[PDB]
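J.:
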Amino acid sequence: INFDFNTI
Amino acid sequence: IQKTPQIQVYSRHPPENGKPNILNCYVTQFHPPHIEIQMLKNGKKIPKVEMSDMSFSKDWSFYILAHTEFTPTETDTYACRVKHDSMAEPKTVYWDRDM
Amino acid sequence: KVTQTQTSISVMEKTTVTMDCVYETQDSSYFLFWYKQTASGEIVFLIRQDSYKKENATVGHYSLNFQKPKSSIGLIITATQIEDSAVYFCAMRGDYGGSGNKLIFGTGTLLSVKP
Amino acid sequence: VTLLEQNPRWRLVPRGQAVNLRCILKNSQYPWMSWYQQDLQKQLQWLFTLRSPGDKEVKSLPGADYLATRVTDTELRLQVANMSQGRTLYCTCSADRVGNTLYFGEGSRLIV
Amino acid sequence: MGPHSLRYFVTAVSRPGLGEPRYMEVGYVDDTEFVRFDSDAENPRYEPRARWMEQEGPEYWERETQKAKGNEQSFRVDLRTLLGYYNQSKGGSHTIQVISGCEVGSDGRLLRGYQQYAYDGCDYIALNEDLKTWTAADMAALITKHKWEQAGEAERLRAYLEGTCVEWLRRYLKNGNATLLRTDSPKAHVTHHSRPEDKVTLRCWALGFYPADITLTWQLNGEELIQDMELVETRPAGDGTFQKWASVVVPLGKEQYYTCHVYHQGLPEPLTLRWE
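Residue numbers (PDB author numbering), protein chains in the order written: chain P, 1 to 8; chain L, 1 to 99; chain A, 2 to 30, 30A, 31 to 93, 95 to 116; chain B, 1 to 30, 30A, 31 to 87, 90 to 100, 103, 105 to 116; chain H, 0 to 275.
#1: Measuring alpha carbon to alpha carbon, tell me which residue in L/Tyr10, L/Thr4, L/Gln6 and L/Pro33 is nearest L/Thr71.
#2: Please tell me whether L/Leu40 has its Cβ less than 9 angstroms away from any Cβ of chain H.
#3: For H/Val261, report the span of its beta strand (DSSP E) as first-last.
#4: Below 8 angstroms on the Cβ atoms is my guess for A/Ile105 versus A/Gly95; work out the distance and round it to an integer in Å.
#5: By DSSP, does B/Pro52 sit in helix, in strand, or in coil?
#6: With a cut-off of 8 angstroms on the beta carbons, I'd call B/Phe108 and B/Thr87 a contact; round off their distance for me.
#7: Which residues in chain H have a C-beta closer than 8 angstroms to the C-beta of L/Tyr10? List them in chain order.
#8: By the 9 angstroms beta-carbon criterion, what residues does the region 53-74 of chain B contribute toward chain P?
#9: CA-CA distance, L/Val27 and H/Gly175?
#10: Once the 5 residues before and after B/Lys55 are set aside, which same chain residues still bring their CB inside 6 angstroms of it?
#11: Across the region 169-186 of chain H and the region 8-18 of chain H, are there enough close Cβ pairs to call them in contact, namely three or more that are closer than 8 angstroms?
#12: Sort out for me which residues DSSP pairs H/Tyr45 with in a bridge.
#13: Tell me which residues of the region 113-146 of chain H have at least one Cβ-Cβ distance to chain L shorter than 7 angstroms, keeping chain order.
#14: Give me the residue from B/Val13, B/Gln29, B/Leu77 and B/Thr71 with the minimum Cα distance to B/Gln36.
#15: So, A/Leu112 versus A/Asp84, is the Cβ gap smaller than 9 angstroms?
#16: At the 9 angstroms Cβ level, is A/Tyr62 part of the contact set with chain B, yes or no?
#17: Hey, is the region 47-59 of chain H in contact with the region 21-38 of chain H, meaning 3+ C-beta pairs nearer than 8 angstroms?
#18: Sorted by chain position, which residues of the same chain lie with C-beta nearer than 7 angstroms to A/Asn56's C-beta, five sequence neighbours on each side aside?
#19: Which chain B residues sit within Cβ distance under 7 angstroms of H/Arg155?
#20: CB-CB under 6 angstroms to B/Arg113, same chain, minus the five flanking residues each way: which ones, in chain order?
#21: Residues of chain A with CB under 7 angstroms from H/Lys68, in chain order?
#22: Report the residue from H/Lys131, H/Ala245, H/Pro57 and H/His3 whose alpha carbon sits nearest the alpha carbon of H/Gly100.
#23: Going by the CB atoms, is the gap between H/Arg273 and residue 295 of chain H shorter than 9 angstroms?
#24: Since B/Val57 contacts B/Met82 with CB under 8 angstroms, what's their CB separation in whole angstroms?
#25: What in chain P is Cβ-close to B/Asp38, meaning under 9 angstroms?
#26: If we call anything under 9 angstroms between Cβ atoms a contact, is H/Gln218 one with H/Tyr257?
#27: Residues of the region 158-184 of chain H in Cβ contact with chain A at a cutoff of 9 angstroms, in chain order, please.
#28: How about residue 279 of chain H and H/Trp167: do their beta carbons lie closer than 9 angstroms?
#29: Can you list, in chain order, the residues of its chain whose CB lies under 8 angstroms from that of A/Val12, leaving out five sequence neighbours each side?
#30: Nearest to B/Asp97 by CA position, among H/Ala67, H/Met138 and H/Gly151, is which residue?
#31: Mapping the DSSP letters down to three states, classify A/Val87 as helix, strand or coil.
#32: Indicate the three-state DSSP secondary structure (helix, strand or coil) for H/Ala205 in the structure shown.
#33: Is the beta carbon of H/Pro43 less than 9 angstroms from the beta carbon of H/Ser92?
#34: Which residues share a DSSP beta bridge with L/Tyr26?
#35: Terminal residues of the continuous beta strand (DSSP E) containing H/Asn176?
#36: If we cut at 9 angstroms on Cβ distances, does B/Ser95 have a partner in chain A?
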C-alpha cells in the first residue's frame, strides 16, 4: 500500500 | 522538458500472410503526457485502436502501447502516426515485417 | 476511538497529576494530542506523541506516558501550579471520507488546583 | 493572539435566523483551515476542512445547518442556521494535510 | 533469490479550462504493475491489475481508494502552490510526478527507500539515502525542504518506508508469487536480409520472454560486436511477454562465423545461435 502524501 | 517520442511499430507474433495477428505501436520517451496516436492501414485511419493506460519511468518520461488486430497481407501497409507537442509535424513510423 | 474515563480531578498546587487517555485505531501510523481549555474558552495545544516515536514526548512540566501495547497515552503534569486548572482534552487524528484535518476528541477531564 | 482571527466573539442567534462567522488566517504557514464545534456538554466535533479558495461545503448536524466556504487563502467563512441549542464555533489551522498539529482560534460563542 | 521492490508512481497533470487535474497512482511489485488508480473515470477506484490481487478483500480496496482520494487533494494543492513558486500563469498545463517505495534484500531488511518528485519533467526534490534529509534541485525546492524539515516529514516517511512498505511488499510477494516470480524463456532465431549487395544482415530475435530484462550479443568468434551491432529497445508484445532483436552487418558468405548470445533468467544456460 501507498503512502499518505503531504503537500509541498 | 519537451522530450521527443520514440515509436516502434511491430506485431505480436511473427508475421504470416493471411494469418491474423496483433499490430503494436509502442511510444516512449515523451513528456508532457498528452499525446495523439493513430494507427493506419494503407494510409487510412484504423477505426478501433486499443490504448494501454499511461505510465512513466524513472527518467520521468511517459510511455504507451497502442494495438489493433490485423491480418498481414503481402501488399497491405500499416503505420503509426504520432502527434506530440515536442514535434513540429506528426511523426509517422511504418510497420516493417523484418523488425 | 478516543476515551478519557475520568470526569474531573482536584489536587493542591505542587502535586503531580495524571490524566488518562485510551484510544482505538487500526492505522499503522497515528497521531495523539493533548489540549487544554481555560475558563475563557481558549483551547491550547500542549503536547503530542507520534505512534512511531519510540520515546515519551516531553515538554516543560508536561510529560506523556505512551503505552503502545495498552493503547494508553496519559498526560502527566509534574508539580502543579494554579495556572494548570482547566479542562484537559485528548485527541487523535481519524480522517475518512475526505475529512482532511479531523481530530477525534475525548470528552475531557476537569482538573483543579487549590492554592 | 493565536494564528487566527475569529469574529464575532459571541452572537445571540434569534429563532429562524441564520448567522455568519468569519475566520482570518494571520500566519500563512498554516493554510489548512477547519471548523470545529463544541457543544454545551463541551464535546468537540470536527465539521469541515477547506484548504482551497473556492472550496465550499454544506453539512447538517442535529441542532444546526452549516455552510462553509474557503473564500481566500486567508479567509474561512461559516453560515450557521436552524440551531436549536447554543454552541461555540472554533477555527483551527494546520501546516499540512496529514499529521501536523492543529491550532485553535478563540471561537465564536453562539448563544440561544 | 534476491532483492525486491514495491514502488508507486504518482502523477498529477493540470488542465486549466477543462476541469480538474488528472490524477493517477500505479503500484509495481518488482517492475510489474499490480494496482492502479485513475481519477479520470466514472467512480474512480483503486483497481487490481494482476489477478492475484483479487484475494485482497473489500477493506483493502476501500482503504486504498480513500488514501488515493486524499493523495489526490495533496497533489491538487501542490500544483497550485508550484505555479506561485515559479510565478507561472493559471492557463497552462503542468505536471507533477512522484516515485515512492522501497528496495528490500533477501533477508527482508530494507535496502533503499525512494521518494523523488519531478515538476514538469525535471527533478524537484528527493529524500536522501540516509532517509532523513532531502536534496532540492532549485530555489523553489528549498522552500519545500524547509517546510518538510520543520514538520518532521522525513520521519513520518521513514516510518512508512521501513514498516508498512516492507511488510506489504512481503505480503504482495507471498500472494503473487507464481506469476511475479515466473520466468518465460525467450524463443530465439536468426533471420537473413540482403538487399542485393555484397553484404547481408543477421538479425537475432528474442521473443516471448518474461521478465523483460535480457541481453543479446553478436560474436565474431569470441568478439562481442557492440560497436557494429544494431538492436532495438525491449518492447512489450502486449500479452505479458517481451521482445527484442539484435542485428549485425556481415560479409556475404561469412555468415557462419557470427554467433548470437541470448542471456535471459529463464535459461538454464545462455543461448547461442547462428544463421541456419
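Note that CB positions come from ideal geometry on N, CA and C, so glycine has one too.
T.: The relevant details are as follows:
#1: L/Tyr10
#2: no
#3: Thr258 to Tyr262
#4: 4 angstroms
#5: coil
#6: Between B/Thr87 and B/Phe108 the Cβ distance is about 11 angstroms, and since that is not below 8 angstroms, they are no contact.
#7: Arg234 and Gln242
#8: none
#9: 29 angstroms
#10: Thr68
#11: no
#12: Answer is none; H/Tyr45 lacks a bridge partner.
#13: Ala117, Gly120 and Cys121
#14: B/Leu77
#15: yes
#16: no
#17: yes
#18: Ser63, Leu64, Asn65 and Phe66
#19: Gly100
#20: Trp10 and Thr87
#21: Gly99
#22: H/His3
#23: Chain H is shown only over 0 to 275; residue 295 of chain H falls outside these bounds and no answer can be derived.
#24: At roughly 15 angstroms, the Cβ-Cβ gap does not stay under 8 angstroms, so B/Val57 and B/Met82 are not in contact.
#25: Chain P residues near B/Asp38: none, gap ~30 angstroms exceeds 9 angstroms.
#26: yes
#27: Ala158, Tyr159, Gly162, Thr163 and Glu166
#28: With chain H covering only 0 through 275, there is no way to say anything about residue 279 of chain H.
#29: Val18, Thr80, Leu112, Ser113, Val114 and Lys115
#30: H/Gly151
#31: strand
#32: strand
#33: no
#34: L/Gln8 and L/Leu65
#35: From DSSP, H/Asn176 is part of no beta strand (DSSP E) but of the alpha helix (DSSP H) over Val165 to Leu179.
#36: yes
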